[PDB]
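Encoded as structure tokens, the following chain is the form solved without the DNA, with no partner shown.
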């Protein structure tokens, strides 16, 4: 299976109306069997719909979707989008993290995580949850630490140890310094393997920051990842793009991994 987490900047109508930018997104989304698209600011799911119109064009089932509601603590709001190939995997259950109270998701996260239970019939792990997080860069250390209590919650709900956590964690540069990694349970505990290292560059910008990360917990899931497959995919280098053109698609790179 090949899965990515891509933060596509201001994914929305305008963006998806521009046929050159849409072509590119389509070419990038098609590499993956499960891709998480963050920063979906699409009030009426028009751009998600247009994207899907592109993907499902000659087989109405090349991709199915899972999408949350606008999330954010009453401000700018964005959606989490999971698109998958239903012939490769299946979503058994989904939920949006909250704590034990309805306002409560938002006490620990600005865009409270969506977690999805997949069945994979092609890989050694046969069942696993993906939890998505796009952190709010000023709250990044705290959120990525709270992501550990969401791993706990998925184990208590779904009796699932195999948990892949991924997204634009803002987990580098000025939002998370070397010294602050000791405050992040998610990283401190040996339960978790960080597949995108700190040296990576996952920003399309001239910054060198491992903003976007993929974490895997559970020994079965840790055994399914193909070693050396987790990387940012640099579409600018891949499709021989100019700077301008590459940033028009996004200021981030998809971070992908392969499971077997």
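Residue numbers count along the first chain shown, from 1.
The same protein also exists as the form solved in complex with the DNA; that form is not shown, yet it is the one meant from here on.
S.K.: Report whether the minimum heavy atom distance between residue 14 and the DNA in the deposited bound form is within 4.5 Å.
M.R.: Looking in the deposited bound form, residue contacts with the DNA include residue 14, since a heavy atom lies within 4.5 Å.
S.K.: My question is simply whether residue 75 lines the interface with the DNA in the deposited bound form - judged by any non-hydrogen atom within 4.5 Å.
M.R.: Within the cut-off, so yes.
S.K.: According to a 4.5 angstroms non-hydrogen atom cut-off, is residue 188 in contact with the DNA in the deposited bound form?
M.R.: Close contact is absent here: in the deposited bound form, residue 188 is far from the DNA, nothing within 4.5 Å, heavy atoms only.
S.K.: Taking the DNA as it sits in the deposited bound form, is residue 33 near enough to touch it, meaning that at least one heavy atom pair lies within 4.5 angstroms?
M.R.: Contact with the DNA, no.
S.K.: Choose from 147 to 155, 81 to 89, 119 to 127, 172 to 180 the stretch whose residues reach within 4.5 Å of the DNA in the deposited bound form, heavy atoms counted.
M.R.: Stretch 172 to 180 is the one.
S.K.: I have 10, 39 and 42 flagged as a candidate spot, so tell me whether each of them has a non-hydrogen atom within 4.5 Å of the DNA in the deposited bound form.
M.R.: The answer is yes: all three residues contact the partner (heavy atom, 4.5 Å cut-off).
S.K.: Which one, 207, 223, 57, 229, lies within 4.5 Å of the DNA in the deposited bound form by heavy atoms?
M.R.: Contact residue from the list: 207.
S.K.: Where, within 136 to 151, is there a heavy atom within 4.5 Å of the DNA in the deposited bound form? Residue list please.
M.R.: Result: 136, 137.
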